[PDB]
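J.: My questions will all concern the structure given below.
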Amino acid sequence: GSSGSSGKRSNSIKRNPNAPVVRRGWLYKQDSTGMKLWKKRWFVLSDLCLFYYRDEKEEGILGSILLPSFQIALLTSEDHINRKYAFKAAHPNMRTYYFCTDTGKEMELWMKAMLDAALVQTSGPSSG
């Protein structure tokens, strides 16, 4: 006979190469821990989700980000960041992210897409 017992104990995420990538470029992200600075990294919009790597090489993913859980909305008075033409993403199980571009277009290309993933109505916890 045979025996399966082959599962994934750790709930990890894997990118789907097939999943027609919408657009991938060097986006600037800002953190909310002490100093609000911008970090240059390689981002990618595929599978209605967010994925980035050390560099263009895309050698192994450092961490994935679920857009469907994030809320894309135009900055507000409170978030009067000098760097205009930028947006922010709110998360329930996480903090509020911030993304900005060089021009208005570079931003529209990210929004039009990102939103397509955020708008999604999927959210739920899990045992682990």
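Here, A, B, ... name the chains of the structure tokens in the order displayed, residue numbers run from 1 inside each chain, and ligands are numbered from 1 in the same displayed order.
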Find the residues near residue 97 in chain A: any atom within 8 Å, counting only C-alpha atoms, skip ones fewer than 6 places away on the same chain, and give them as a list in words.
T.: residues 29, 30, 31, 32, 88, 89 and 90 of chain A
J.: Extract, using only C-alpha atoms, all DNA, RNA and protein residues at most 10 Å from range 44-58 of chain A, discarding same-chain residues fewer than 3 positions from it, and format them as a VMD selection string.
T.: chain A and resid 14 to 27 40 to 41 61 to 69 110 113 to 120
J.: Could you give me the residues within chain A that DSSP places in strand (DSSP E), as an NGL selection string?
T.: :A and (23-30 or 38-46 or 49-53 or 61-65 or 71-74 or 86-90 or 97-100)
J.: Would you pick out the contacts of residue 81 in chain A at 12 Å or less, using only C-alpha atoms, so that residues sharing its chain but fewer than 4 positions from it are not included, and give the list as a list in words?
T.: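 Answer for this query is residues 30, 36, 37, 38, 74, 75, 76, 77, 85, 86, 87, 88, 98, 99 and 100 of chain A.
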J.: Would you please extract all alpha helix (DSSP H) residues from chain A, as assigned by DSSP on the backbone, and give them as a PyMOL selection string?
T.: chain A and resi 104-118
J.: Could you please determine the separation between CA of residue 128 in chain A and CA of residue 13 in chain A in Å, to one decimal place?
T.: 14.3 Å
J.: Separation of CA of residue 92 in chain A and CA of residue 126 in chain A, in Å?
T.: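 Between CA of residue 92 in chain A and CA of residue 126 in chain A the gap works out to 14.7 Å.
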J.: When you count only C-alpha atoms, which of these residues is closest to residue 91 in chain A: A:104, A:123, A:111, A:34?
T.: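 Checking each of A:104, A:123, A:111, A:34 against residue 91 in chain A, counting only C-alpha atoms, the winner is A:123.
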J.: Quote the spacing between CA of residue 84 in chain A and CA of residue 72 in chain A in Å to one decimal place.
T.: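 Between CA of residue 84 in chain A and CA of residue 72 in chain A the gap is 15.5 Å.
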